[PDB]
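# Residue-level structure breakdown
The residues making up each chain are set out below.
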Amino acid sequence: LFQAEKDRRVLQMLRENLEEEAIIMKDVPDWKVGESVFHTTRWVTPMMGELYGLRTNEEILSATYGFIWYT
Amino acid sequence: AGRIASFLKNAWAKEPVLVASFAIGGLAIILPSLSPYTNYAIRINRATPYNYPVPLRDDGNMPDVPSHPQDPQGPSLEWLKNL
Amino acid sequence: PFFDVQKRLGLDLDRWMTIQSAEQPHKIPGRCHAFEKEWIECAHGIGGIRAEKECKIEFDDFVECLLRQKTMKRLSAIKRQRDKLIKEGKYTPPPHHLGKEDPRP
Amino acid sequence: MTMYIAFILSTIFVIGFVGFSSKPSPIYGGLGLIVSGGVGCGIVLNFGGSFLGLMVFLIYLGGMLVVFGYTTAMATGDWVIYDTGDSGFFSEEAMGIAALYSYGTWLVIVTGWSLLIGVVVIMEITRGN
Amino acid sequence: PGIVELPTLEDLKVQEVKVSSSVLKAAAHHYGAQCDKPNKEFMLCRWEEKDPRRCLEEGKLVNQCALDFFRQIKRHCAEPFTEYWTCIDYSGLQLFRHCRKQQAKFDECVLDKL
Amino acid sequence: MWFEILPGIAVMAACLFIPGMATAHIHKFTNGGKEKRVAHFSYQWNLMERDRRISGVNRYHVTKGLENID
Amino acid sequence: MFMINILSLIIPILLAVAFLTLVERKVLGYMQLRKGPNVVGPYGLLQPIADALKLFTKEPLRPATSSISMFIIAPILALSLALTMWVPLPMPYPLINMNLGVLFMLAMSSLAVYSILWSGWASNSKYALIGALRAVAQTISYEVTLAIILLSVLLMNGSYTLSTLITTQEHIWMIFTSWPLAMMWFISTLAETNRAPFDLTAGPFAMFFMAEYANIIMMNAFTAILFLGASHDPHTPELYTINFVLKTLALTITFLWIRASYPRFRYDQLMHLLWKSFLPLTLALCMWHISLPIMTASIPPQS
Amino acid sequence: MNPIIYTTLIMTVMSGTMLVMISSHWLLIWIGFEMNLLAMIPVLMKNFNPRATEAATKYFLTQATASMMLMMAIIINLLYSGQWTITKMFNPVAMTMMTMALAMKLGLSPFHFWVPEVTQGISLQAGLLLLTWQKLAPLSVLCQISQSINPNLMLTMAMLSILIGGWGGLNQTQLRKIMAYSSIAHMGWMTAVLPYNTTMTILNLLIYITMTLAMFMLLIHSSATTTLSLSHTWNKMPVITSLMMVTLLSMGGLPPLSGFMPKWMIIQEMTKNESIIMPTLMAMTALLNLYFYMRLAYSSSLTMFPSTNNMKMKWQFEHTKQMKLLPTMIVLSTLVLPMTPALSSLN
Amino acid sequence: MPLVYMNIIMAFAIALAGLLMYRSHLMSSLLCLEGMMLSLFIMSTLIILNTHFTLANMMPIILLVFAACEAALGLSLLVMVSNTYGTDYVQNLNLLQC
Amino acid sequence: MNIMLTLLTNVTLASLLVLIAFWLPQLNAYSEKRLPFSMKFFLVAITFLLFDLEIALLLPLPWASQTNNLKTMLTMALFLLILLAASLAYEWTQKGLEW
Ligand SMILES: CCCCCCCCCCCCCCCCC[C@@H](O)O[C@H](CO[C@H](O)CCCCCCCCCCCCCCC)COP(=O)(O)OCC[N+](C)(C)C
Ligand SMILES: CCCCCCCCCCCCCCCCC[C@@H](O)O[C@H](CO[C@H](O)CCCCCCCCCCCCCCC)COP(=O)(O)OCC[N+](C)(C)C
Ligand SMILES: CCCCCCCC/C=C\CCCCCCCC(=O)O[C@H](COC(=O)CCCCCCC/C=C/CCCCCCCC)COP(=O)(O)OCCN
Ligand SMILES: CCCCCCCC/C=C\CCCCCCCC(=O)O[C@H](COC(=O)CCCCCCC/C=C/CCCCCCCC)COP(=O)(O)OCCN
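Residues numbered from 1 in each chain as written, not as in the entry; some residues may be left out. Chains lettered and ligands numbered in written order. Part of a larger assembly, values for the part shown. Heavy atoms only, no water. Residues with missing side-chain atoms left out of burial classes, pairs and counts.

In terms of determination method and resolution, the entry is listed under cryo-EM at 3.2 Å.

The following block contains the structure:
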């Protein structure tokens with residue numbers, strides 16, 4: 001169950017990031033919305049910076065350092 | 001024979017710490033190869049599930065692989081419970 | 001120079017630590033396990049010169065996984081454009097990126 | 001996101017190295033080196049390496065720099081490259097370190113022989129005559 | 001090079017399981033015993049496809065099966081389960097060792113009913 | 001006599017009593033009246049994060065029981 | 001409400017250390033057929049306050065020629081380490097719960113020699129320098145054996161977590177499992193804090209005094225947790241707190257008793273004591289404690 | 001020191017060298033280098049005095065710095081490519097630091113300054129060991145990464161090494177400094193053919209090791225550390241002086257002696273690789289090494305220097321402790337030119 | 001390649017330059033060597049932990065052990081030099097010259 | 001964040017109380033009127049450093065008990081401790097622990 005929920009949450013976060021990318025990158029001349037940085041079409045696990053790039057600093061800091069700082 | 005016994009007697013006096021240290025170290029070296037429970041410890045270490053057991057793709061020719069955890073097929077840990 | 005004792009004797013003295021995808025304890029995977037596996041399988045049995053000439057795509061993908069330079073450049077460009085637009089004022093973040101969303105398990 | 005705390009610690013590390021690299025009054029260079037070692041421990045512990053950070057902070061600071069000070073006294077951007085998943089129900093760093101006895105037999109053998117040889121070398125050099 | 005395909009938000013919509021970790025831990029053994037088939041199908045597909053986007057239907061199925069499991073628990077043995085998971089939730093480590101008594105009460109209620 | 005030593009030992013005993021009881025009381029107060037959740041190994045931390053997301057008040061110790069399953 | 005927890009951990013330790021000195025005098029006095037302070041206060045209870053006020057009103061004899069820097073830093077580091085060493089310990093619940101608490105305590109003790117080194121070097125005298133070198137050598141020598149003993153004992157615990165020691169000793173004390181290691185640990189903790197029979201040596205002076213006494217009480221508490229495990233009931237931690245404080249006070253009184261009972265070693269005599277009696281036994285028992293869980297198939301769980 | 005301790009230290013040195021050559025992991029190679037450095041220091045300090053201690057501390061400083069630079073090269077290579085196997089370097093910056101660290105270990109110019117001083121400080125047996133056995137490991141590591149080295153850097157450092165050795169050998173009276181400068185020049189000759197053919201490098205290494213073993217054993221046989229003390233050898237053992245003159249002629253590259261083989265083969269290979277100016281410069285520069293070899297031979301055997309009255313008592317006593325393999329080393333270092341095509345074994 | 005790695009590399013370069021300067025006091029030379037090793041340790045630890053290459057967690061401990069052994073060797077050599085000359089000044093090592 | 005705050009509180013209290021201790025008796029006006037270098041201390045310091053390094057090698061033992069290679073792990077740990085004992089014995093026999 002945890003694996004399924006994690007996959008669904010990651011996919012939703014990626015989709016929201018893609019939608020906001022489409023909104024922002026409209027007037028950029030040579031930008032392609034949702035373009036890969038890898039030649040292969042295989043699924044690649046996203047970084048912390050890909051999912052929380054455009055979000056608030058509080059939850060970015062949480063998702064990156066909370067487990068280390070939780071004592 | 002007699003010389004070794006006399007040397008051990010002389011060392012047990014005025015040098016008990018070294019005799020005890022050597023005895024404990026040598027005993028700790030020899031004993032594990034003779035004790036029968038080291039196999040039990042290895043089995044307990046193998047029987048500890050750290051990862052998720054990934055299921056196998058059934059093809060109709062695996063009688064030893066269970067289809068449900070409650071099925072008799074597969075390893076049993078009744079020996080650990082009896083310990 | 002290189003006296004290859006190990007392969008002659010089949011000893012495996014220090015090969016177990018050479019690559020990420022080689023028998024990690026508790027089957028812990030490397031971050032770039034798949035890319036390194038693909039590159040190694042591409043370049044096996046071919047030679048260094050031909051491996052460099054032919055397996056360049058796999059090596060590029062592996063290095064991109066390792067250092068993520070292109071990903072950081074892309075994210076920085078997106079963030080810079082977003083900051084420029086919010087500075088001018090034609091863009092407003094949605095509630096998802098302002099902490100007012102509905103979280104899920 | 002606290003103003004690039006990793007960047008701040010790295011800069012403090014660099015300033016500490018600038019401080020003790022000028023080599024003024026070797027005791028003060030020593031204090032600069034303890035400061036820089038503590039900052040490096042902070043960096044390692046903040047990144048996620050608890051055991052390796054404590055390894056530095058114990059061995060390096062308490063033994064090696066202490067012997068250095070003893071001998072002197074006798075004389076006159078970030079957060080994006082991180083992971084996404086979890087580690088299971090154990091710390092990967094500690095398990096990989098503890099695999100030294102099950103996997104790194106060669107490493108243990110060579111390190112132990114090197115330390116014994118180093119003891120012999122120290123005794124021979126300090127013999128004098 | 002290429003475009004990453006991501007399923008739309010309508011494909012990710014499903015009735016979530018809104019119970020806490022202690023509640024899940026209290027029924028973890030029975031949940032594993034009962035809901036094993038969809039979970040194993042999902043996990044086999046997960047390691048075989050190596051792609052999260054290829055396993056959405058199995059995730060929905062396992063969510064539905066877990067929901068059915070919890071609905072049966074609520075229908076039959078709500079109160080012993082409530083006591084058991086409250087006990088589990090009180091402890092910081094969530095130890096099964098603490099209240100084998102409540103565990104046995106829940107187990108006997110489940111065995112008698114379902 | 002020897003029992004005149006006792007007042008100082010009792011003062012030290014109370015002083016040493018204060019930290020443990022204070023910490024336990026603060027842990028109960030700040031964790032919804034229950035024992036503080038300890039989280040090593042990065043899995044129970046994920047459990048705490050999931051509980052925080054499920055609670056709806058951004059607090060992990062607020063437990064949602066079987067009544068939230070509808 | 002975390003600053004409140006930190007203050008309620010720190011201040012009672014300071015009161016206990018101040019009161020501990022009064023207790024020490026009374027115990028020694030009654031072992032010497034006399035009384036301790038009993039005039040200042042009902043039973044000498046006001047003696048620590050008078051001592052503190054007199055120390056804080058007397059001028060500090062700064063040499064006016066040495067480096068003021070380390071002269072002021074050394075008490076800071078000493079007191080900071082002494083107060084910081086308290087947080088990892090679980091009574092029953094630790095202020096800060098760390099996975100590798102034991103290594104943290106060991107690293108703190110390792111840094112504890114820098115205060116001695118800097119105080120000796122900043123005294124601007126060669127004789128105090130010799131004394132500081134002797135003390136530093138003794139401390140590092142005995143901390144080696146501390147580390148070996150501690151890892152050998154934790155081999156029966158499963159990890160370096162201090163909270164797990166309570167679960168390990170739920171049914172039996174660790175004193176029964178390994179009493180020789182406890183004996184050597186007790187002696188090494190005596191030699192660590194420069195306590196008799198190993199004691200070869202106004203504001204900052206009292207600073208160092210409180211640092212040393214906090215280290216003493218901390219060492220007794222750590223020994224009690226490591227070797228005399230109390231039962232912990234999650235619904236009433238006050239019982240565990242009371243039992244732990246009783247054991248810690250018993251061990252502190254044991255240090256006072258040992259000081260009042262024995263003459264003191266020479267420097268070379270204690271150096272030989274360590275390097276020729278404790279280290280061989282420590283290595284032999286480390287080998288034995290490595291081998292024992294494997295022989296008996298009793299390896300501790302957590303990993 | 002105790003013979004057991006000396007034998008164990010020698011074993012540790014050679015086992016570190018073996019671990020360096022047989023390991024496929026960068027960390028194990030670094031460990032072998034550390035083991036070699038750790039066990040080498042007491043050998044340099046077998047005869048305790050201020051000179052040996054100063055030489056040993058200079059050597060330790062240089063080798064520790066080189067090892068740290070090598071470790072950073074390994075770290076940067078790992079950063080830019082998650083590989084530990086000794087293969088192509090994968091980073092331009094990493095290669096530059098690895099090359100400089102290995103050259104500092106070898107003593108190539110401009111990292112040559114420590115070699116003459118360390119050779120002068122230590123005794124003759126220590127100098128023999130330092131100049132023979134301490135080159136196997138860095139040269140093996142360089143041969144393993146031959147396709148990665150920047151040819152410009154390797155060739156310019158080799159040319160600098162040859163020039164420095166040839167120029168510095170002219171000013172020396174002590175023999176140990178002469179051997180050190182000869183070692184520097186031969187190191188440059190070895191490392192200038194690495195980008196083209198490592199077999200030539202190994203052949204030059206073997207010929208150099210044989211010749212320098214013969215020369216150091218001859219210097220041990222007749223207790224001479226300066227030119228004048230060597231000039232007294234003809235009065236007691238003229239055979240030693242004649243053999244040393246023949247060996248010195250061999251080291252200069254004069255045919256038909258063995259020393260001509262490495263220069264000839266390296267020049268031939270580099271002319272295969274369309275390089276013409278460099279081998280000519282190498283030959284005209286090695287003429288200087290030949291000049292100071294000729295001066296030493298003049299002072300040693302081709303003339304008779306004045307003697308002393310006390311040599312008559314030395315006439316009556318025989319060299320008691322006789323070393324083996326000296327005739328074999330001389331024969332190999334003088335008369336193996338006709339067996340040149342045997343280099344195809346990839347020695 | 002992020003900025004933390006750049007900072008660590010600059011720290012190592014600063015330590016190397018300080019080692020190569022030699023104002024005086026060989027003790028400072030050993031201090032610079034140890035600082036270089038500390039930079040090596042921190043950088044290797046970050047690189048190894050970042051990529052989740054579990055089997056390489058062994059390496060920093062081995063590096064620290066070997067480098068501290070080398071540091072002890074250098075300390076012994078410096079002690080003997082100082083005992084010979086009375087001080088650890090660099091210029092006293094001028095008896096052997098090129 | 002918690003341990004940083006705890007360390008900051010410890011250092012802050014220590015500094016504040018040390019400064020008040022050093023400044024309270026200064027407000028009122030008053031009159032306000034080598035070579036030896038023993039080798040044994042350095043030798044024991046170096047011995048401590050070497051044994052500390054070998055202890056650092058020996059530290060990860062508690063997790064090494066769960067590897068499924070119990071025989072190999074036991075052999076390696078016993079080998080490390082045996083070499084520690086051998087180092088101590090070698091320093092003992094040639095008078096490395098004398099005063
Ligand atoms: C002064 C002239 C040189 C004299 C050299 C010393 C002569 C005595 C040495 C005694 C025997 C040495 C070798 C030991 C015999 C078995 C070793 C064998 O199993 O190893 C082989 C190694 O082969 C040996 O090296 C060949 C030995 C022949 C050396 C003599 C060649 C000298 C030619 C020019 C001088 C004329 C010499 C005249 C007689 C001495 C396998 O090679 P391999 O591991 O797979 O590849 C590694 C090498 N790579 C990396 C370059 C590819
Ligand atoms: C063949 C030539 C032998 C004589 C020449 C010796 C040369 C110098 C001595 C050094 C060589 C020793 C070889 C040790 C290499 C280790 C690998 C080999 O021994 O196999 C190991 C066998 O393990 C044994 O326990 C090794 C014990 C041997 C070490 C004890 C004595 C070592 C002394 C060596 C010299 C050190 C100084 C002198 C000490 C007296 C690995 O066990 P295994 O389980 O399959 O694989 C682990 C990987 N897993 C996780 C996938 C399972
Ligand atoms: C085979 C197992 C290996 C592992 C076990 C050992 C691990 C740790 C123990 C060894 C630590 C280091 C030992 C170093 C030994 C040094 C001996 C020495 O030099 O001391 C001699 C003296 O010591 C001796 O007599 C030499 C050895 C004495 C006996 C040693 C033990 C011999 C075997 C005893 C045990 C036999 C087996 C156990 C059976 C017991 C019955 C159950 C000089 O002493 P000084 O302090 O200088 O005194 C001078 C002024 N009086
Ligand atoms: C079948 C498997 C069984 C496994 C075998 C295990 C059995 C082990 C049996 C042997 C145990 C012996 C080790 C116990 C400690 C030994 C330490 C020692 O021997 O050192 C003393 C020295 O120790 C001291 O003298 C230090 C004393 C300092 C004063 C301390 C006072 C202690 C009394 C107060 C109470 C102590 C409380 C201890 C327990 C604390 C619990 C937390 C001997 O040295 P010397 O007399 O000088 O002789 C050398 C020349 N021949």
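Turning to the overall build of chain A, a few remarks are in order. Secondary structure summary: chain A contains three helices and zero strands in total. Overall, chain A shows an N-to-C arrangement of helices and strands of α-α-α. The C-alpha radius of gyration computed for chain A amounts to 15 Å, which surpasses the reference 11 Å derived for 71 residues by more than 25%, pointing to a less compact arrangement than a globule. Each principal axis of the C-alpha distribution contributes one length, and for chain A these read about 50 × 25 × 20 Å. Taking all 71 residues of chain A together, the buried fraction comes to 59%. Accessible surface, chain A as shown: approximately 3100 Å² in total, 52% of it carbon and sulfur. (Helix = DSSP H or I, 4+ residues; strand = E, 2+ residues; numbered from the N terminus. Rg over C-alpha atoms; globule rule 2.2 N^0.38 Å. Buried < 20%, exposed > 50% of the residue type's maximum accessible area, 1.4 Å probe, protein only. Areas by Shrake-Rupley, 256 points an atom, 1.4 Å probe, with all protein chains shown as cover.)

So, about the overall build of chain B. Within chain B, the secondary structure is distributed over four helices and zero strands. Start at the N end of chain B and walk to the C end: the helices and strands fall as α-α-α-α. For 83 residues, the compact-globule estimate of 2.2 N^0.38 gives 12 Å, and the C-alpha radius of gyration of chain B, at 25 Å, exceeds that figure by more than 25%. Total accessible area on chain B stands at roughly 6600 Å², and carbon and sulfur atoms take up 62% of it. If you average the places of the 7 positive and of the 6 negative side-chain charges in chain B, the two averages end up 24 Å apart. (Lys, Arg positive; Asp, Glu negative; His and termini not counted. Charge placed at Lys NZ, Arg CZ, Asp CG, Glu CD.)

Taken together, the nine residues of chain B in the interface contact eight residues of chain E. Across the chain B/chain E interface, buried area totals approximately 790 Å², and carbon plus sulfur atoms make up 63% of it. Summed over the shared surface of chain B and chain E, the number is one salt bridge. In this structure, the salt-bridge partner of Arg57(B) is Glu48(E), at a minimum N-O distance of 2.9 Å. Run the count over chain B and chain E and you get two residue pairs in polar contact. (Contact = heavy atoms within 4.5 Å. Buried area = accessible area lost by both parts, 1.4 Å probe. Salt bridge = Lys/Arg side-chain N within 4 Å of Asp/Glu carboxyl O. Polar contact = N/O pair within 3.5 Å; in protein donor to acceptor, adjacent residues only side chain to side chain.)

Attention now goes to the site of ligand 4. The local shell around ligand 4 holds 13 residues, among which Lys14(B), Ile187(G), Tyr262(G), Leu281(G) and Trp288(G) are the closest. Residues within reach of ligand 4 are spread across chains B and G. The protein chains hide 56% of the 1300 Å² of surface that ligand 4 would expose on its own. Listing elements by their share of the shell around ligand 4, those giving two or more residues are helix 8 (179-192) and helix 11 (267-296) of chain G. In terms of residues, the shell around ligand 4 owes the most to one element, helix 11 of chain G, which gives four residues. In the shell around ligand 4, the residues fall into eleven nonpolar, one polar and one charged. (Near = heavy atom within 4 Å. Nonpolar A, V, L, I, M, F, W, Y, C, P; charged D, E, K, R; others polar.)

The next subject is the packing of helix 3 (residues 50-80) of chain H against helix 5 (residues 114-121) of chain H. Residue and element names in this part refer to chain H. The interhelical angle for the contact between helix 3 and helix 5, taken along N-to-C directions, is 145 degrees, at an axis separation of 8 Å. The two elements helix 3 and helix 5 meet at a crossing, and its hand is left-handed. Here helix 3 contributes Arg51, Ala52, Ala55, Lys58, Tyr59, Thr62 and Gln63 to the contact with helix 5, which in turn contributes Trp114, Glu117, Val118 and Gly121. Split by residue class, the contact of helix 3 with helix 5 holds five nonpolar, three polar and three charged. (Axes fitted to C-alpha atoms, helices over the stretch in contact; angles between N-to-C directions. Left-handed = near helix turned anticlockwise from the far one by under 90°.)

Within the largest apolar cluster, 416 residues are counted, with the highest numbers of intra-cluster contacts made by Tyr60(D), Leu107(D), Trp86(G), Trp26(H), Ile31(H) and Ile41(H). In contact with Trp86(G), other than residues within four places in its own chain, are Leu16(F), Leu9(G), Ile13(G), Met91(G), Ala214(G), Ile217(G), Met218(G) and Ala221(G). In this structure, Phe70(E), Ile73(E), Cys109(E) and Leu66(F) belong to the second largest nonpolar core, which totals 27 residues. (Core = buried A, V, L, I, M, F, W, Y, C linked by side-chain atoms within 4.5 Å.)

For the coordinates displayed, the defined rule picks out three disulfides over all chains. Disulfide pairing is shown between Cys32(C) and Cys65(C); the S-S distance is 2.0 Å. With the S-S bond torsion at -100 degrees, the cross-link from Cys32(C) to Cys65(C) turns out left-handed. Separated by 33 residues along the polypeptide, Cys32(C) in the loop between helix 1 (5-9) and helix 2 (33-43) and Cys65(C) in helix 4 (residues 56-67) bring together distant segments of the chain. For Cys32(C), a relative accessible area of 1% corresponds to the buried category. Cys87(E) shares a disulfide with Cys99(E); S-S distance 2.0 Å. Because the sign of the S-S torsion sets the handedness, a value of about -120 degrees for the bond joining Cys87(E) and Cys99(E) places this disulfide among the left-handed ones. (Disulfide = S-S within 2.5 Å.)

With respect to the secondary-structure elements, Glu124(D) resides in helix 5 (residues 105-127). When neighbours within four sequence positions are excluded, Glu124(D) is seen to be in contact with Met1(H), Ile5(H) and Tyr90(J).

As a structural note, the neighbourhood of ligand 1 is formed by 13 residues, with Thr210(H), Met339(H), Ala342(H), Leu343(H) and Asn347(H) the closest of them. Residues near ligand 1 are shared among chains C and H, making this a multi-chain site. One nitrogen or oxygen atom from the main chain of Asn347(H) is found 3.0 Å from an oxygen atom belonging to ligand 1. Surface burial for ligand 1 is 48%, taken as the share of its 1100 Å² of free accessible area covered by protein chains. The element best represented in the shell around ligand 1 is helix 10 (residues 198-221) of chain H, accounting for four residues. For the shell around ligand 1, the class distribution of residues is eleven nonpolar, two polar and no charged.

Looking now at the arrangement of the chains. With 28 pairs of chains in contact overall, the contact-richest pair is chains D and I. The least C-alpha distance between chain B and chain I, which are not in contact, is 16 Å. A minimum C-alpha distance of 19 Å separates chain E and chain I, which share no contact.

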